[PDB]
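J.: Sending over a structure as structure tokens; questions will come in a sec.
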Amino acid sequence: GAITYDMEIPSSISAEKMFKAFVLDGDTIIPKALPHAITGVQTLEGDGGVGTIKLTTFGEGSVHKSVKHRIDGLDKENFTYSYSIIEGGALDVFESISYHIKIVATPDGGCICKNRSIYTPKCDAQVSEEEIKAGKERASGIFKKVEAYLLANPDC
């Protein structure tokens with residue numbers, strides 16, 4: 001089938017600005033969030049919206065130098081965001097890789113932000129604990145460097 005793993009994050013930035021900083025503005029913030037194994041991020045479409053394609057590229061300790069993914073869906077009623085890997089070396093081991101954020105407000109001027117990944121094998125791979133734990137540290141780094149970017153620069 002397809003296997004999946006999740007994490008939940010308390011945040012104070014607005015749910016739109018959170019995902020905007022997380023991948024749309026991710027051109028600097030994702031490199032700064034994972035400065036060892038990531039080296040760069042770039043857009044490959046009319047940006048920001050659904051059906052935007054995005055490059056992400058990698059450094060030391062890395063199985064593949066690059067991957068491409070899409071901004072796949074967004075639902076600002078309960079701010080769910082889909083984003084999915086479409087080509088590049090992550091799909092050498094896997095048939096498809098995908099991701100799911102969910103964001104809802106609090107009574108305290110913030111948000112609760114859940115994040116998740118989905119891995120579809122070529123009917124063989126088990127999914128490695130390495131990307132479960134690195135996925136936590138990488139997504140955490142983004143949710144921290146995004147709030148620190150918007151601490152310095154909320155006017156964007």
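Lettering and numbering for the structure tokens are positional, with chains as A, B, ... in the shown order, residues counted from 1 in each chain, and ligands counted from 1 in the shown order.
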Within 12 Å of residue 28 of chain A, counting only C-alpha atoms, which residues show up once you throw out same-chain ones fewer than 6 positions away? Write them as a list in words, please.
T.: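 Contacts, in chain order: residues 21, 22, 34, 35, 38, 39, 40, 41, 42, 43, 56, 142, 145, 146 and 149 of chain A.
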J.: Next, the residues of the selection above should be written as a JSON list (two decimals), in the first residue's frame with N, CA and C atoms.
T.:
[["chain", "number", "residue", "atom", "x", "y", "z"],
["A", 21, "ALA", "N", 5.79, 30.45, 4.35],
["A", 21, "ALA", "CA", 7.18, 30.35, 4.77],
["A", 21, "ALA", "C", 7.76, 28.92, 4.63],
["A", 22, "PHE", "N", 6.96, 27.88, 4.89],
["A", 22, "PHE", "CA", 7.41, 26.48, 4.92],
["A", 22, "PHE", "C", 7.92, 25.97, 3.57],
["A", 34, "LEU", "N", 18.06, 23.15, 7.26],
["A", 34, "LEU", "CA", 18.76, 21.87, 7.19],
["A", 34, "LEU", "C", 20.14, 22.04, 6.51],
["A", 35, "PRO", "N", 21.04, 22.86, 7.09],
["A", 35, "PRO", "CA", 22.26, 23.33, 6.42],
["A", 35, "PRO", "C", 23.31, 22.25, 6.14],
["A", 38, "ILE", "N", 20.76, 19.61, 3.08],
["A", 38, "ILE", "CA", 20.18, 20.45, 2.01],
["A", 38, "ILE", "C", 21.19, 21.51, 1.57],
["A", 39, "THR", "N", 21.17, 21.88, 0.29],
["A", 39, "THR", "CA", 21.98, 22.97, -0.30],
["A", 39, "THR", "C", 21.14, 24.04, -1.00],
["A", 40, "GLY", "N", 19.95, 23.73, -1.53],
["A", 40, "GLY", "CA", 19.15, 24.71, -2.28],
["A", 40, "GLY", "C", 17.69, 24.34, -2.53],
["A", 41, "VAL", "N", 16.86, 25.35, -2.81],
["A", 41, "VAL", "CA", 15.43, 25.25, -3.16],
["A", 41, "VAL", "C", 15.05, 26.32, -4.18],
["A", 42, "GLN", "N", 14.25, 25.97, -5.20],
["A", 42, "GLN", "CA", 13.89, 26.85, -6.32],
["A", 42, "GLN", "C", 12.50, 26.48, -6.89],
["A", 43, "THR", "N", 11.73, 27.44, -7.39],
["A", 43, "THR", "CA", 10.40, 27.20, -8.01],
["A", 43, "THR", "C", 10.50, 26.97, -9.52],
["A", 56, "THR", "N", 14.16, 20.77, -4.87],
["A", 56, "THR", "CA", 14.97, 20.76, -3.65],
["A", 56, "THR", "C", 16.24, 19.95, -3.90],
["A", 142, "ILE", "N", 12.41, 23.66, 9.74],
["A", 142, "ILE", "CA", 11.61, 24.57, 8.91],
["A", 142, "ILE", "C", 10.61, 25.32, 9.79],
["A", 145, "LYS", "N", 12.79, 28.02, 11.80],
["A", 145, "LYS", "CA", 13.37, 29.05, 10.91],
["A", 145, "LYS", "C", 12.32, 29.86, 10.16],
["A", 146, "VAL", "N", 11.13, 29.32, 9.89],
["A", 146, "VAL", "CA", 9.97, 30.09, 9.40],
["A", 146, "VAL", "C", 9.45, 31.06, 10.45],
["A", 149, "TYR", "N", 12.21, 33.74, 10.80],
["A", 149, "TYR", "CA", 12.11, 34.62, 9.62],
["A", 149, "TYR", "C", 10.97, 35.63, 9.81]]
J.: For residue 111 of chain A, list every protein, DNA or RNA residue within 7 Å, evaluated using only C-alpha atoms, and leave out those in the same chain fewer than 5 positions away; present the list as number ranges by chain.
T.: A: 10-12, 14-15, 103-106
J.: Any chance you could list, as a VMD selection string, the residues in chain A that come up strand (DSSP E) when DSSP is run on the backbone?
T.: chain A and resid 3 to 11 38 to 43 52 to 58 66 to 75 80 to 88 94 to 105 111 to 121
J.: Assign secondary structure with DSSP using the backbone only, and return the residues of chain A in helix (DSSP H, G or I) as an mmCIF file with N, CA and C atoms, in the first residue's frame.
T.:
data_model
loop_
_atom_site.group_PDB
_atom_site.id
_atom_site.type_symbol
_atom_site.label_atom_id
_atom_site.label_comp_id
_atom_site.auth_asym_id
_atom_site.auth_seq_id
_atom_site.Cartn_x
_atom_site.Cartn_y
_atom_site.Cartn_z
ATOM 1 N N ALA A 15 -1.757 30.500 10.063
ATOM 2 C CA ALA A 15 -1.713 29.245 9.306
ATOM 3 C C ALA A 15 -1.370 29.400 7.807
ATOM 4 N N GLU A 16 -1.804 30.487 7.167
ATOM 5 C CA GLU A 16 -1.413 30.845 5.800
ATOM 6 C C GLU A 16 0.082 31.191 5.703
ATOM 7 N N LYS A 17 0.559 32.084 6.578
ATOM 8 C CA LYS A 17 1.961 32.532 6.629
ATOM 9 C C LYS A 17 2.913 31.393 6.996
ATOM 10 N N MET A 18 2.467 30.455 7.839
ATOM 11 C CA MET A 18 3.202 29.232 8.166
ATOM 12 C C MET A 18 3.536 28.425 6.909
ATOM 13 N N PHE A 19 2.538 28.001 6.123
ATOM 14 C CA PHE A 19 2.795 27.207 4.914
ATOM 15 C C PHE A 19 3.510 28.013 3.820
ATOM 16 N N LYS A 20 3.196 29.312 3.704
ATOM 17 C CA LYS A 20 3.896 30.219 2.791
ATOM 18 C C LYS A 20 5.392 30.251 3.093
ATOM 19 N N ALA A 21 5.785 30.453 4.347
ATOM 20 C CA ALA A 21 7.177 30.354 4.768
ATOM 21 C C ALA A 21 7.756 28.924 4.633
ATOM 22 N N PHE A 22 6.957 27.879 4.890
ATOM 23 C CA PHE A 22 7.409 26.480 4.920
ATOM 24 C C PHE A 22 7.922 25.967 3.565
ATOM 25 N N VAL A 23 7.271 26.317 2.447
ATOM 26 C CA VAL A 23 7.678 25.867 1.091
ATOM 27 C C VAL A 23 7.599 26.933 0.002
ATOM 28 N N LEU A 24 6.656 27.876 0.066
ATOM 29 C CA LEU A 24 6.450 28.851 -1.014
ATOM 30 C C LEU A 24 7.605 29.866 -1.046
ATOM 31 N N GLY A 26 10.196 29.075 0.644
ATOM 32 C CA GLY A 26 11.180 28.096 1.124
ATOM 33 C C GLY A 26 12.566 28.179 0.469
ATOM 34 N N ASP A 27 12.716 28.985 -0.589
ATOM 35 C CA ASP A 27 13.935 29.217 -1.378
ATOM 36 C C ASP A 27 15.186 29.523 -0.545
ATOM 37 N N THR A 28 15.021 30.192 0.597
ATOM 38 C CA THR A 28 16.094 30.450 1.575
ATOM 39 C C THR A 28 15.861 29.702 2.888
ATOM 40 N N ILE A 29 14.607 29.622 3.343
ATOM 41 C CA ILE A 29 14.277 29.125 4.681
ATOM 42 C C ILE A 29 14.519 27.611 4.805
ATOM 43 N N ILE A 30 14.230 26.807 3.771
ATOM 44 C CA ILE A 30 14.503 25.357 3.793
ATOM 45 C C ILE A 30 16.023 25.066 3.809
ATOM 46 N N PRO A 31 16.870 25.684 2.953
ATOM 47 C CA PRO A 31 18.327 25.582 3.078
ATOM 48 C C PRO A 31 18.855 25.944 4.471
ATOM 49 N N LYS A 32 18.400 27.065 5.050
ATOM 50 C CA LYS A 32 18.774 27.492 6.410
ATOM 51 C C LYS A 32 18.221 26.570 7.511
ATOM 52 N N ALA A 33 17.137 25.836 7.267
ATOM 53 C CA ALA A 33 16.552 24.874 8.206
ATOM 54 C C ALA A 33 17.275 23.519 8.275
ATOM 55 N N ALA A 90 14.736 10.403 -4.760
ATOM 56 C CA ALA A 90 13.856 9.849 -3.733
ATOM 57 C C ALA A 90 12.947 8.733 -4.295
ATOM 58 N N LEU A 91 12.506 8.890 -5.549
ATOM 59 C CA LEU A 91 11.712 7.927 -6.317
ATOM 60 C C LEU A 91 12.559 6.846 -7.019
ATOM 61 N N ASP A 92 13.875 6.776 -6.804
ATOM 62 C CA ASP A 92 14.643 5.584 -7.199
ATOM 63 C C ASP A 92 14.244 4.381 -6.319
ATOM 64 N N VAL A 93 14.109 4.587 -5.002
ATOM 65 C CA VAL A 93 13.668 3.548 -4.042
ATOM 66 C C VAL A 93 12.134 3.406 -3.977
ATOM 67 N N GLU A 129 13.926 4.247 9.063
ATOM 68 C CA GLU A 129 13.766 5.060 10.279
ATOM 69 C C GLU A 129 14.552 6.372 10.175
ATOM 70 N N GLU A 130 15.648 6.344 9.414
ATOM 71 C CA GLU A 130 16.447 7.511 9.077
ATOM 72 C C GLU A 130 15.625 8.680 8.540
ATOM 73 N N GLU A 131 14.706 8.465 7.593
ATOM 74 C CA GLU A 131 13.858 9.545 7.068
ATOM 75 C C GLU A 131 12.644 9.844 7.947
ATOM 76 N N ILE A 132 12.271 8.942 8.856
ATOM 77 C CA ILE A 132 11.278 9.236 9.893
ATOM 78 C C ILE A 132 11.866 10.256 10.885
ATOM 79 N N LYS A 133 13.070 9.984 11.406
ATOM 80 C CA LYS A 133 13.795 10.856 12.344
ATOM 81 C C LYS A 133 14.367 12.111 11.680
ATOM 82 N N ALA A 134 14.952 12.004 10.487
ATOM 83 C CA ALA A 134 15.410 13.172 9.733
ATOM 84 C C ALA A 134 14.219 14.015 9.267
ATOM 85 N N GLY A 135 13.100 13.399 8.869
ATOM 86 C CA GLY A 135 11.857 14.103 8.545
ATOM 87 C C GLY A 135 11.330 14.948 9.708
ATOM 88 N N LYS A 136 11.389 14.436 10.949
ATOM 89 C CA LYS A 136 11.082 15.217 12.161
ATOM 90 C C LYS A 136 12.035 16.399 12.337
ATOM 91 N N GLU A 137 13.346 16.166 12.286
ATOM 92 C CA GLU A 137 14.353 17.212 12.516
ATOM 93 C C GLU A 137 14.341 18.296 11.419
ATOM 94 N N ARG A 138 14.135 17.885 10.166
ATOM 95 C CA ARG A 138 14.009 18.728 8.974
ATOM 96 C C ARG A 138 12.740 19.571 9.011
ATOM 97 N N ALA A 139 11.575 18.959 9.228
ATOM 98 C CA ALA A 139 10.318 19.693 9.357
ATOM 99 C C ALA A 139 10.323 20.628 10.576
ATOM 100 N N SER A 140 10.823 20.170 11.732
ATOM 101 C CA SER A 140 11.019 21.009 12.923
ATOM 102 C C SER A 140 11.899 22.216 12.611
ATOM 103 N N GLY A 141 13.064 22.003 11.991
ATOM 104 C CA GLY A 141 13.950 23.087 11.566
ATOM 105 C C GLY A 141 13.226 24.113 10.700
ATOM 106 N N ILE A 142 12.414 23.661 9.738
ATOM 107 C CA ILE A 142 11.614 24.566 8.909
ATOM 108 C C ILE A 142 10.608 25.323 9.789
ATOM 109 N N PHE A 143 9.756 24.664 10.587
ATOM 110 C CA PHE A 143 8.776 25.328 11.476
ATOM 111 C C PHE A 143 9.374 26.310 12.512
ATOM 112 N N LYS A 144 10.689 26.274 12.724
ATOM 113 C CA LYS A 144 11.435 27.140 13.649
ATOM 114 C C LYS A 144 12.069 28.300 12.891
ATOM 115 N N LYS A 145 12.789 28.024 11.797
ATOM 116 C CA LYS A 145 13.372 29.047 10.913
ATOM 117 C C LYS A 145 12.318 29.864 10.164
ATOM 118 N N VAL A 146 11.130 29.315 9.894
ATOM 119 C CA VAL A 146 9.975 30.085 9.397
ATOM 120 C C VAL A 146 9.450 31.057 10.447
ATOM 121 N N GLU A 147 9.244 30.614 11.694
ATOM 122 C CA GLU A 147 8.805 31.539 12.742
ATOM 123 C C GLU A 147 9.883 32.578 13.095
ATOM 124 N N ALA A 148 11.176 32.242 13.026
ATOM 125 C CA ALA A 148 12.272 33.199 13.216
ATOM 126 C C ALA A 148 12.425 34.188 12.040
ATOM 127 N N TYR A 149 12.208 33.742 10.795
ATOM 128 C CA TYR A 149 12.108 34.619 9.619
ATOM 129 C C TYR A 149 10.973 35.628 9.814
ATOM 130 N N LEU A 150 9.776 35.158 10.179
ATOM 131 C CA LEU A 150 8.611 36.013 10.434
ATOM 132 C C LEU A 150 8.667 36.775 11.774
ATOM 133 N N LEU A 151 9.592 36.453 12.684
ATOM 134 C CA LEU A 151 9.905 37.290 13.847
ATOM 135 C C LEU A 151 10.685 38.538 13.410
ATOM 136 N N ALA A 152 11.736 38.362 12.604
ATOM 137 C CA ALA A 152 12.537 39.460 12.061
ATOM 138 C C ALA A 152 11.795 40.263 10.973
#
J.: Nearest to residue 75 of chain A among A:53, A:101, A:63, A:125, with distances taken over only C-alpha atoms: which residue is it?
T.: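 Counting only C-alpha atoms, the residue closest to residue 75 of chain A is A:101.
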J.: Closest to residue 73 of chain A among A:49, A:110, A:61, A:89, using only C-alpha atoms?
T.: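 Closest residue, counting only C-alpha atoms: A:49.
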J.: Give me, as a PDB file with C-alpha atoms, in the first residue's frame, all polymer residues having an atom no more than 9 Å from residue 121 of chain A, counting only C-alpha atoms and skipping those fewer than 2 positions away in the same chain.
T.:
ATOM      1  CA  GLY A   1       0.000   0.000   0.000  1.00  0.00           C
ATOM      2  CA  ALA A   2       1.537   3.260   1.256  1.00  0.00           C
ATOM      3  CA  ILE A   3       3.044   3.843   4.755  1.00  0.00           C
ATOM      4  CA  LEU A  91      11.712   7.927  -6.317  1.00  0.00           C
ATOM      5  CA  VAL A  93      13.668   3.548  -4.042  1.00  0.00           C
ATOM      6  CA  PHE A  94       9.933   4.565  -4.063  1.00  0.00           C
ATOM      7  CA  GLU A  95       6.957   4.732  -6.497  1.00  0.00           C
ATOM      8  CA  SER A  96       5.627   8.002  -4.950  1.00  0.00           C
ATOM      9  CA  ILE A  97       6.359  10.205  -1.892  1.00  0.00           C
ATOM     10  CA  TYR A 119       5.940   6.761   1.244  1.00  0.00           C
ATOM     11  CA  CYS A 123       6.267  -2.985  -3.822  1.00  0.00           C
ATOM     12  CA  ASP A 124       9.578  -3.792  -1.940  1.00  0.00           C
ATOM     13  CA  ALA A 125      11.059  -0.988   0.271  1.00  0.00           C
ATOM     14  CA  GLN A 126      10.203  -0.992   4.026  1.00  0.00           C
ATOM     15  CA  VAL A 127      10.814   2.801   4.643  1.00  0.00           C
TER      16      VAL A 127
END
J.: Report the distance between atom CA of residue 155 of chain A and atom CA of residue 71 of chain A in Å, rounded to one decimal place.
T.: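 Computing the Euclidean distance for atom CA of residue 155 of chain A and atom CA of residue 71 of chain A yields 23.4 Å.
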J.: Which polymer residues have any atom within 7 Å of an atom of residue 102 of chain A, counting only C-alpha atoms, with same-chain residues fewer than 4 positions away left out, as a ChimeraX atom specification?
T.: /A:78-81,113-115
J.: For the residues in that selection, give me N, CA, C and O atoms as a PDB file, in the first residue's frame.
T.:
ATOM      1  N   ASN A  78      -9.583  24.487   7.434  1.00  0.00           N
ATOM      2  CA  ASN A  78      -8.909  23.690   8.470  1.00  0.00           C
ATOM      3  C   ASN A  78      -7.435  23.465   8.068  1.00  0.00           C
ATOM      4  O   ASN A  78      -6.907  22.364   8.200  1.00  0.00           O
ATOM      5  N   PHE A  79      -6.851  24.517   7.476  1.00  0.00           N
ATOM      6  CA  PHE A  79      -5.641  24.638   6.656  1.00  0.00           C
ATOM      7  C   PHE A  79      -4.867  23.329   6.447  1.00  0.00           C
ATOM      8  O   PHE A  79      -3.741  23.172   6.925  1.00  0.00           O
ATOM      9  N   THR A  80      -5.464  22.377   5.723  1.00  0.00           N
ATOM     10  CA  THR A  80      -4.722  21.212   5.234  1.00  0.00           C
ATOM     11  C   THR A  80      -3.961  21.595   3.976  1.00  0.00           C
ATOM     12  O   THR A  80      -4.514  22.257   3.093  1.00  0.00           O
ATOM     13  N   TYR A  81      -2.717  21.143   3.864  1.00  0.00           N
ATOM     14  CA  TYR A  81      -1.867  21.360   2.697  1.00  0.00           C
ATOM     15  C   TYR A  81      -1.247  20.040   2.245  1.00  0.00           C
ATOM     16  O   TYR A  81      -0.556  19.374   3.021  1.00  0.00           O
ATOM     17  N   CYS A 113      -0.210  22.999  14.447  1.00  0.00           N
ATOM     18  CA  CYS A 113       0.246  22.609  13.117  1.00  0.00           C
ATOM     19  C   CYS A 113       0.746  21.157  13.117  1.00  0.00           C
ATOM     20  O   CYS A 113       1.864  20.864  13.544  1.00  0.00           O
ATOM     21  N   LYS A 114      -0.068  20.228  12.623  1.00  0.00           N
ATOM     22  CA  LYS A 114       0.341  18.844  12.370  1.00  0.00           C
ATOM     23  C   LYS A 114       1.026  18.724  11.006  1.00  0.00           C
ATOM     24  O   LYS A 114       0.654  19.408  10.058  1.00  0.00           O
ATOM     25  N   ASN A 115       2.015  17.843  10.901  1.00  0.00           N
ATOM     26  CA  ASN A 115       2.747  17.520   9.677  1.00  0.00           C
ATOM     27  C   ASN A 115       2.924  16.000   9.552  1.00  0.00           C
ATOM     28  O   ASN A 115       3.003  15.293  10.556  1.00  0.00           O
TER      29      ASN A 115
END
J.: Select, from A:108, A:154, A:50, A:57, the residue with the minimum atom-to-atom distance to residue 83 of chain A, counting only C-alpha atoms.
T.: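 Ranking A:108, A:154, A:50, A:57 by distance to residue 83 of chain A, first place goes to A:50.
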J.: Give me, please, the distance in Å between atom CA of residue 99 of chain A and atom CA of residue 36 of chain A, quoted to one decimal.
T.: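 Value for the atom CA of residue 99 of chain A-atom CA of residue 36 of chain A distance: 21.7 Å.
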